[PDB]
Amino acid sequence: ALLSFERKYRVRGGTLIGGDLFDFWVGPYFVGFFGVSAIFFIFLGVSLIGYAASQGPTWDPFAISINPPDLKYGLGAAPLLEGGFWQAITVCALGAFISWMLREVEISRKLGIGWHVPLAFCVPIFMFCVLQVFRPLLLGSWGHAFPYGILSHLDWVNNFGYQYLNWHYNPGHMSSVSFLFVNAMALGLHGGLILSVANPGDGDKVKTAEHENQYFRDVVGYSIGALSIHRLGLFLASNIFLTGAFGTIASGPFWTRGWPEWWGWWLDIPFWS
Amino acid sequence: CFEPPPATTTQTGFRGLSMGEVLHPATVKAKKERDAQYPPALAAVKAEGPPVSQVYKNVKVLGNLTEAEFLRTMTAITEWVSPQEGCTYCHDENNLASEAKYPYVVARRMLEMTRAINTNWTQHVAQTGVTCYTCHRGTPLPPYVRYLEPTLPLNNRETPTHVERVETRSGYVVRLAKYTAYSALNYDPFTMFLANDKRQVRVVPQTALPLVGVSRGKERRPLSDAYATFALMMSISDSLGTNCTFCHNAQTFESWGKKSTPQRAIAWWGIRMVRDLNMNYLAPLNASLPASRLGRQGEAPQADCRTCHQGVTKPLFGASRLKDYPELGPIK
Amino acid sequence: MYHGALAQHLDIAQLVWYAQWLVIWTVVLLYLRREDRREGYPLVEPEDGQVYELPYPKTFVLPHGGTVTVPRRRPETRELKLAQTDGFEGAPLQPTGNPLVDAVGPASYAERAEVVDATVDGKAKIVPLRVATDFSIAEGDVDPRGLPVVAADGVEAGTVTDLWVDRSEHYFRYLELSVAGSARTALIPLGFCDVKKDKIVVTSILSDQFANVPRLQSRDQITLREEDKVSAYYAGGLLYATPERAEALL
Amino acid sequence: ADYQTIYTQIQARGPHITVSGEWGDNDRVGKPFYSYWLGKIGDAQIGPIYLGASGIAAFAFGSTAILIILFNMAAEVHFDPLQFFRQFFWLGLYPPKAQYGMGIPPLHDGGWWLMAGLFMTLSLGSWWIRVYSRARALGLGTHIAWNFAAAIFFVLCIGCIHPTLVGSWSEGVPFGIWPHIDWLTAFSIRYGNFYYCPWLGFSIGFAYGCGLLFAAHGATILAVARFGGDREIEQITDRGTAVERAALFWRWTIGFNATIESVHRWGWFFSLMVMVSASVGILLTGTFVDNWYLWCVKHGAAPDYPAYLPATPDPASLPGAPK
Ligand code: BCB
Ligand code: BCB
Ligand SMILES: C/C=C1/c2cc3[nH]c4c(c3C)C(=O)[C@H](C(=O)OC)c4c3nc(cc4[nH]c(cc(n2)[C@@H]1C)c(C(C)=O)c4C)[C@@H](C)[C@@H]3CCC(=O)OC/C=C(/C)CCC[C@H](C)CCC[C@H](C)CCCC(C)C
Ligand SMILES: C/C=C1/c2cc3[nH]c4c(c3C)C(=O)[C@H](C(=O)OC)c4c3nc(cc4[nH]c(cc(n2)[C@@H]1C)c(C(C)=O)c4C)[C@@H](C)[C@@H]3CCC(=O)OC/C=C(\C)CCC[C@H](C)CCC[C@H](C)CCCC(C)C
Ligand SMILES: C/C=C1/c2cc3[nH]c4c(c3C)C(=O)[C@H](C(=O)OC)c4c3nc(cc4[nH]c(cc(n2)[C@@H]1C)c(C(C)=O)c4C)[C@@H](C)[C@@H]3CCC(=O)OC/C=C(\C)CCC[C@H](C)CCC[C@H](C)CCCC(C)C
Ligand SMILES: CC(C)=CCC/C(C)=C\CC/C(C)=C\CC/C(C)=C/CC/C(C)=C/CC/C(C)=C/CC/C(C)=C/CC/C(C)=C/CC/C(C)=C/CC1=C(C)C(=O)c2ccccc2C1=O
Ligand code: HEC
Ligand code: HEC
Ligand code: HEC
Ligand SMILES: CC(C)=CCC/C(C)=C/C=C/C(C)=C/C=C/C(C)=C/C=C\C=C(C)\C=C\C=C(/C)CC/C=C(/C)CCCC(C)C
Ligand SMILES: COC1=C(OC)C(=O)C(CC=C(C)C)=C(C)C1=O
Ligand SMILES: COC1=C(OC)C(=O)C(CC=C(C)C)=C(C)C1=O
Ligand SMILES: CCCCCCCCCCCC[N+](C)(C)[O-]
Ligand SMILES: CCCCCCCCCCCC[N+](C)(C)[O-]
Ligand SMILES: CCCCCCCCCCCC[N+](C)(C)[O-]
Ligand SMILES: [Fe+2]
């Protein structure tokens, strides 16, 4: 149950809250206060999902859907079967995401490593708050949030986009997609570069840091370097949501027209009209 | 750049589907003010004396009306169509029976068109109905018309830049974009779908798998048809100042039942109505109009959704004059 | 008839759906998850499971001679100055002496090879500027040589005497300093240095803790294991420089 | 804080390094220069670049494609440079609007598009050769070349393989900023909503997965930069505390972990799978599936919802309805 190098690292300490109370492992898993609160929010949320689903038309995993209230409930509570389950499940999701993040902090501290991972993980958490909390607050109803259903969430995304005629022209979305695309390509390049160095093939010798830099110097005339590509990777991945969030928040509260029309700022300048 | 909050939002679909209208209050307000310029109904007059078919010399459409009723109609017509030009726009001041002036015969046709709309297209216009004002808004030339090529500005009351002019070839893409809510879709959905009944708007297969015999090579509609339908839908949306979810659940554009709102059925009737108006009332008017009214291919200006709706989901927010002017339809 | 339709109301896309999950699961479970076990296995507590989870060994042919095979048996000889805090199996351990010197917890180093890391031409990769004379500091950046090193207790720990550059990547990795009052030199990774115009701030350890930084065997070169020993000592400070640091931050 | 993970506090300068290839050493041109500000967040050295036949051919074929597109775009604005600058995002080079099947379309309706596609393809293939052959020259495995082949393959899928499979060039992707975007919707409309295509799901899931993984991997390496985690090659051939800690971070968080080598296999695989999944989806579409939503309904997957406003019968199918 322990990696052969693991025991020396399995020391006491590093917590944010709780100290020795929850400072232990269950199998490979560190617990900690935030492990305990994670488990709690997860159990609660999954139980509410199962129960809510049981009251609905289907057990098919793809078609199950737990939906927020009608717009007219604004920011108040809704009957359980009319959005209330959705409200409670959202609160549990947040609790679980935030615990998971804070637990990652404790794990980092115990290992004497940077806190860069939980910090990165704040980005999708923040994105979730944009969709489910901040935009609905700005619009005045919980009902603008997305439903919990594997395919139904996509119907929401779909309708949300077409409410603005063509969502592809949303500058936040263009930015977001560009970062998604370049990030996916860069992860391929980074993974392939490293593998190509450690696995030349045919009994050949493993290459070097110098070969690494030579490769991209040759192919594109520049090489960012070994540490920097990791900083770059984090920056590109992060900016998928950090810029996408602006496009999401803008739609409704800061723009009610179709997105293509927004580009009128450029097209309609009197000079070239 | 942006529109400051709050946004007015409605719900047109089951909760959680992000379906409904998204409106900017200042814009809504401005449109209400423009549309509240609709002249009030004229005071009612009692039917009295003989029908104007006996009294006047050249009445072909409104013959059942009494003198006072008829002259009331003419007053409304003037308020609606040519309030700045007055009665003599259509009339020879010395011979009210004369058809010498082109607007006169055009207006008689328009009277038939208007009664046809209110009598035969109630599936669209319901008991709200239309008057000359609905399209004309107080000018002989309605502010929103289409030719057989895209024209800018959309509102012909605004002065065109040199690039907007239909003769400036470098301005074509922009003329096309602004008719399709600024998209780059390379199709004019007016000539394709609204001028006449030649083309089919639907493009989505009605089965999961491709039917052998309609799905290979030249048997297929080209993908251009799907861009074109998208163009039309962008244009319809902009014409009613709404978005796709006013009519559709985007889960499945092609489906009716729970997947479409009653507004979509009404829109479908509207396409049929527009094509009727265009093919049967408006296009044939090129024989009766001065050359200067015609498009570069000799066409008369025609109607689209914007012609009536002018950026609102019901024209003039649902204002009606139907019971005030029964002579405009429905005709028993 | 329909394109893609098969007997039994099956269709082609439907088959490709199963096929695609099968490729994904096969690659994830049978390939990747086994590649994940080229280090640290087998676990410690000959079961069938221990054989099934491992991939076939692979051999790396090293750029400067010799080979490395993984996975391989690597039991950890070194006695650990650690004790159970409780009988429970997932209970943490606690240091029985000085955890920094004893090298446990976040102060642990790995049993890396006692080998000097090399450039592509076989030279020592990580070397002080006194040796790497063709290397310099970019103009616009602080020259830290001569600056004091200030520890977490705000006391001067010593004086910067050199910088260790990575010749293969053109990147400084260590500062070398003279330790005040200890008649010895010490390396510190740049990652533990806050470089200012007038000083180097080190929050990882206290001033008196510089006395026990692991020592190199040679003055002008460093082994892979020494790099680990040196880095690990400061990382240990993050949790152990004061008794307070292991305890709940809030 | 490890300030090194944000930017380089003290930059080093030294003689530029040249790694000798099996061939092509004499095709490196340029004298490298250095940027001080770039050296904060990357290597300072820019250039030199490798030329070679493959790279030159790639520029030759690539420039031709670009000239064909720009020229047709400029025709679209009747060669007015001001309107060109203004309307640029809206301008495009289109595949045939009419249905000619697989017949070579006339130049004014798709012909030029096809030429552009051809030259783009040759450009991509030539560049592929450079990518592949630089790795052989430097004694490196072919990993990047396979990933790039998959990206190229996807481009051929949407460019010509899918058009060939349904037998219509009208289905190809237009060249242009907005026009290539409009295609996305047109395609989705034609094939019954791509959110109901499982291969969209797979491709997006792996794309988001690339997001998660690069964020996680990028942060993990930064979090262990203090132990030299960034020197990944020697961490592979000689495990250091950096990667022991990285592995344990993940093991204690999610219950399992990778190695420093295998995390790159995971990343490479996810990236590959974005393109593989997308390609498979495109090859299935029109060929074997006509409407994805209906296909999901057929297989019992599609969610359904109560009416909100009244349900709305198709008026076209009503008794008495006009056409
Ligand atoms: C017709 C409508 C469309 C649309 C509508 C749309 C909308 C409305 C929005 C996007 C947005 C976005 N779209 Mg777009 N889109 C995208 C790509 C993207 C993403 C880059 C981006 C952000 C996604 C997101 O917010 O995730 C969010 C994911 C979250 C919050 C997950 C967080 C993780 C969580 C913290 C942890 C969860 C843990 C699990 C519960 C635990 C599971 C336990 C197990 C695993 C152990 C592409 C590539 C395309 C293409 C190729 O066409 C496309 C087309 C379209 N989009 C259509 C045009 N899209 C968003 C955007 O940024 O717009 C500017 C957005 O709002
Ligand atoms: C603004 C736009 C958004 C969007 C748009 C979007 C699109 C367009 C697509 C997905 C798809 C997917 N989304 Mg959605 N999404 C999902 C979850 C998912 C998965 C069902 C699937 C694969 C995603 C993936 O592999 O990521 C990368 C993460 C990886 C690889 C790690 C493993 C993730 C694991 C598969 C997630 C499992 C989720 C569980 C089924 C649900 C929670 C389980 C709980 C009850 C225990 C979550 C948990 C959330 C949260 C918490 O916010 C979210 C938010 C959003 N999605 C936004 C609303 N998403 C794809 C799909 O197939 O839908 C059917 C798809 O095409
Ligand atoms: C999931 C995995 C993904 C993935 C994978 C991979 N993607 C790769 C590779 C891998 C593995 C490589 O190995 C290869 C490479 O090398 O990386 C450094 C490459 C590539 N990915 C490019 C673009 C890209 N990838 C995208 C997407 C994804 N990719 C997906 C997501 C996207 C998106 C989504 O938009 C884009 C735009 C290029 C940078 C490059 C193409 C080669 C080329 O470029 O061929 C064309 C070559 C040319 C030379 C034409 C250009 C010439 C013009 C005229 C330049 C003239 C300017 C000049 C300075 C002026 C002087 C004029 C003078 C001549 C008179
Ligand atoms: C831009 C940067 C990004 C980024 C980055 C990072 N991402 C991270 C991390 C970092 C750094 C971690 O460090 C952390 C981790 O450990 O990695 C192994 C993590 C994680 N990324 C997950 C999913 C994920 N990342 C996504 C996106 C991005 N990641 C973007 C790209 C997406 C999508 C769809 O985009 C998904 C689905 C989990 C695997 C994991 C959280 C575990 C958890 O929180 O456990 C605690 C909670 C649970 C185990 C379940 C809780 C169930 C609730 C109570 C009830 C369910 C409610 C739910 C709302 C219903 C949804 C229905 C659905 C159909 C709509
Ligand atoms: C309304 C219409 C929509 C629509 C349409 C479609 N969505 C598609 C497709 C279609 C048709 C596909 O065909 C493809 C696919 O999977 O089919 C099965 C695809 C995908 N959707 C993903 C994401 C997603 N979808 C969403 C939604 C919607 N999807 C809605 C439904 C959403 C959300 C949130 O809603 C998300 C997040 C991607 C992961 C995935 C791969 C794309 C990619 O990664 O492209 C990028 C890949 C490249 C650019 C290759 C480039 C590499 C070359 C080598 C570089 C050459 C450049 C060189 C410089 C050349 C020089 C220039 C030259 C002129 C000389
Ligand atoms: C009713 C009910 C459900 C409630 C009960 C709740 C329940 C499940 C708990 C039971 C109680 C238990 C068992 C104990 C409590 C203790 C506790 C806190 C346990 C938590 C249990 C729990 C919630 C587990 C879920 C874990 C989880 C979210 C896993 C998701 C894993 C996913 C899908 C990962 C996505 C990313 C991905 C594809 C990773 C694969 C590659 C990996 C491993 C990368 C990590 C990694 C990276 C990134 C490196 O850079 C690296 C560099 C050098 C060396 C190693 C690594 C390395 O390993
Ligand atoms: C929009 C053009 C138009 C305007 C403006 C207009 N009319 Fe008329 N007028 C007509 C048409 C058309 C007819 C014939 C109606 C028919 O055939 O039923 C007509 C018929 C008449 C007749 C019957 C003449 C006859 O003996 O045949 C009179 C009188 C008349 N209008 C008066 C007026 C007055 C008064 C005004 C100003 C308030 C006015 N008109 C403004 C179009 C117009
Ligand atoms: C469906 C919208 C619509 C309605 C309703 C409508 N019109 Fe018209 N009208 C048009 C269009 C389009 C034209 C052609 C453009 C033009 O010639 O100004 C036109 C042209 C005219 C003209 C000639 C204008 C000119 O000088 O060229 C007159 C006169 C006229 N209509 C009168 C009427 C009258 C009277 C009514 C009410 C009975 C009416 N219209 C109702 C759309 C409409
Ligand atoms: C005002 C109501 C209305 C709005 C708003 C609207 N549509 Fe439609 N749409 C219709 C009608 C009606 C039809 C059917 C036309 C016919 O059959 O003649 C249709 C047809 C379609 C079709 C073809 C369906 C098939 O069976 O092949 C698509 C795709 C579509 N619309 C997409 C959109 C998009 C995208 C938007 C927003 C950009 C939009 N619609 C907005 C009413 C509307
Ligand atoms: C039998 C026959 C004759 C042989 C078959 C011919 C053949 C192989 C045809 C193949 C055609 C193919 C693969 C077509 C695919 C086209 C695709 C995917 C186009 C997609 C997008 C195109 C875009 C966005 C082009 C935009 C063009 C411009 C902005 C102008 C060009 C200038 C640039 C700087 C382009 C760089 C784009 C970006 C990095 C900013
Ligand atoms: C492993 O290190 C890597 C580099 O430096 C050696 C790169 O330059 C690159 C290429 C990135 C740029 C911006 C040229 C990648 C992908 C990489 O992984
Ligand atoms: C002609 O080239 C163009 C630019 O370059 C100067 C732009 O910046 C812009 C504005 C867009 C961005 C993303 C800055 C447009 C629309 C454009 O067409
Ligand atoms: C697929 C397009 C074919 C165009 C040919 C491009 C020329 C490539 C020349 C190969 C380079 C020879 N070398 C040295 C790598 O072996
Ligand atoms: C983004 C698209 C994802 C849709 C995936 C739908 C797969 C349908 C085929 C499997 C059906 C299995 N079943 C009966 C449990 O639903
Ligand atoms: C839609 C993309 C799906 C890609 C598959 C996701 C891979 C994560 C699974 C990790 C497997 C965990 N484990 C320990 C059970 O092997
Ligand atoms: Fe890496």
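Reminder, nothing fancy here: chain letters follow the sequence lines and each chain counts from 1. We use all heavy atoms of the structure for the numbers below, so side chains are in, but hydrogens, waters and symmetry mates are not.
- In terms of modelled atom types and a separation under 3.5 Å, the side chain of B:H24 and the main chain of A:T256 share no donor-acceptor contact.
- With sequence neighbours left out, the salt bridge (charged side-chain N to carboxylate O under 4.0 Å, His left out) criterion links D:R190 to D:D290.
- Geometrically, B:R272 engages B:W268 in a cation-pi contact defined by less than 6.0 Å to the ring centre and at most 45° from the axis.
- Checked by atom type, the side-chain pair B:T88/B:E93 shows no donor-acceptor distance below 3.5 Å.
- Distance check: B:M234 CE to A:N166 CG gives 5.5 Å after rounding to the nearest 0.5 Å.
- Between the side chains of D:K97 and B:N186, at least one donor N or O sits under 3.5 Å from an acceptor N or O.
- Residue-environment remark: CG (B:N64) stays at or below the threshold of 12 foreign heavy atoms within 6.0 Å.
- Screening residues 176-201 of chain B for ring pair (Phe, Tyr, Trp, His ring centres under 6.0 Å) gives B:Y187-B:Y227 as the qualifying pairs, with residues at least two apart or on separate chains.
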- request: Take A:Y169 and A:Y164, measure what ring-ring contact (aromatic ring centres under 6.0 Å, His included) needs, and give me the verdict at the end.
  value: CA-CA 9 Å; A:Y169 287 57; A:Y164 303 84; over 10 Å; no

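- A heavy-atom distance below 4.5 Å is not found between the side chains of D:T312 and B:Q263.
- Under a 4.0 Å N-O distance rule, the pair B:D188/B:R146 does not qualify as a salt bridge.
- The side-chain contact (heavy atoms from CB on, under 4.5 Å) test applied to B:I271 returns B:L194, B:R275, not counting sequence neighbours.
- Partners of D:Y305 by ring-ring contact (aromatic ring centres under 6.0 Å, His included), not counting sequence neighbours: none found.
- A donor-acceptor pair under 3.5 Å links the side-chain atoms of B:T12 to the main chain of B:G20, judged by distance alone.
- Under 3.5 Å, the side chains of D:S188 and D:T185 contain no donor-acceptor pair of N or O atoms.
- Using a 4.5 Å heavy-atom cutoff, the side chains of B:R34 and B:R137 are in contact.
- Note that CG of A:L139 and CG of A:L71 are 9.0 Å apart. Values are rounded to the nearest 0.5 Å.
- Counting only residues at least two apart or on different chains, the ring pair (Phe, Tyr, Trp, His ring centres under 6.0 Å) pairs with a member in residues 276-326 of chain B are B:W80-B:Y325.
- Two residues are said to be in side-chain contact when any heavy atoms from C-beta on lie closer than 4.5 Å; B:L62 and B:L111 meet this criterion.
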query: Could you go step by step and tell me if B:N196 and B:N278 meet the side chain to side chain contact (heavy atoms under 4.5 Å, CB included) rule?
result: CA-CA 7 Å; B:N196 58 53; B:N278 284 341; over 6 Å; no

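- One finds no salt bridge joining B:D324 and B:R72 here, because no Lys/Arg side-chain nitrogen approaches an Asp/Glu carboxylate oxygen to under 4.0 Å.
- Distance CG/B:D35 to NZ/B:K31: 9.0 Å, rounded to 0.5 Å.
- For the pair D:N291/B:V204, a side-chain contact is recorded, criterion being any heavy-atom separation below 4.5 Å from C-beta on.
- No side-chain heavy atom of B:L285 sits less than 4.5 Å from a side-chain heavy atom of B:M113.
- Listed by chain and residue number, B:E99 satisfy the salt bridge (charged side-chain N to carboxylate O under 4.0 Å, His left out) test with B:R108 (two or more places apart in sequence, or in another chain).
- Applying the side-chain hydrogen bond (donor to acceptor under 3.5 Å, both in side chains) criterion to A:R257, with sequence neighbours excluded, gives A:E261, B:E3.
- Between the side chain of B:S260 and the backbone N or O of B:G257, no donor-acceptor pair lies under 3.5 Å.
- With sequence neighbours left out, the side-chain contact (heavy atoms from CB on, under 4.5 Å) criterion links A:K72 to A:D70.
- Nearest heavy-atom pair across B:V274 and B:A303 is CG1-O, 3.8 Å.
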query: For B:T9 and B:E21, what are the C-alpha separation, side-chain angles and deciding distance, and is it a side chain to side chain contact (heavy atoms under 4.5 Å, CB included)?
result: CA-CA 5 Å; B:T9 62; B:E21 301 182 64; over 6 Å; no

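- A salt bridge (charged side-chain N to carboxylate O under 4.0 Å, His left out) check over residues 295-313 of chain B, counting only residues at least two apart or in different chains, returns the pairs B:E149-B:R296, B:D238-B:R306.
- Here A:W263 and D:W178 bring their ring centres to under 6.0 angstrom of each other.
- The side-chain heavy atoms of A:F160 and A:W167, taken from C-beta on, include a pair separated by under 4.5 Å.
- In this structure, B:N118 contributes its side chain and B:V130 its backbone to a donor-acceptor pair below 3.5 Å.
- What you find for D:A321 and D:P315 is that their closest heavy atoms are CB-O, 3.2 Å.
- D:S317 and B:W256 share no side-chain donor-acceptor pair at under 3.5 Å.
- The distance from the SG atom of B:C308 to the CD1 atom of B:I117 is 6.5 Å, given to the nearest 0.5 Å.
- In this structure, B:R321 is positioned above the aromatic face of B:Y38, its NZ or CZ under 6.0 Å from the six-membered ring centre and within 45° of the axis.
- At least one donor-acceptor pair closer than 3.5 Å links the side chain of B:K101 to the backbone N or O of B:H91.
- Side-chain N or O atoms of B:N286 include one that pairs as donor or acceptor with a backbone N or O of B:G298 at under 3.5 Å.
- At least one side-chain heavy atom of B:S18 sits under 4.5 Å from a side-chain heavy atom of A:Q163.
- A 4.5 Å side-chain heavy-atom check between B:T307 and B:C135 finds at least one atom pair inside the cut-off.
- Checked against the 6.0 Å centroid threshold, D:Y293 and D:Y195 do not count as a close aromatic pair.
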query: Yes or no on side chain to side chain contact (heavy atoms under 4.5 Å, CB included) for B:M273 and B:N120, after CA distance, side-chain angles and deciding distance?
result: CA-CA 9 Å; B:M273 185 191 67; B:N120 313 336; over 6 Å; no

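- Listed by chain and residue number, B:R109 satisfy the side-chain hydrogen bond (donor to acceptor under 3.5 Å, both in side chains) test with B:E112 (two or more places apart in sequence, or in another chain).
- Applying the side-chain hydrogen bond (donor to acceptor under 3.5 Å, both in side chains) criterion to B:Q251, with sequence neighbours excluded, gives A:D155, B:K259, D:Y196.
- For residues 191-203 of chain B, the pairs satisfying salt bridge (charged side-chain N to carboxylate O under 4.0 Å, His left out) are B:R202-D:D314, with sequence neighbours left out.
- Other residues, nucleotides and ligands contribute only 12 or fewer heavy atoms inside 6.0 Å of the CD atom of B:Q84.
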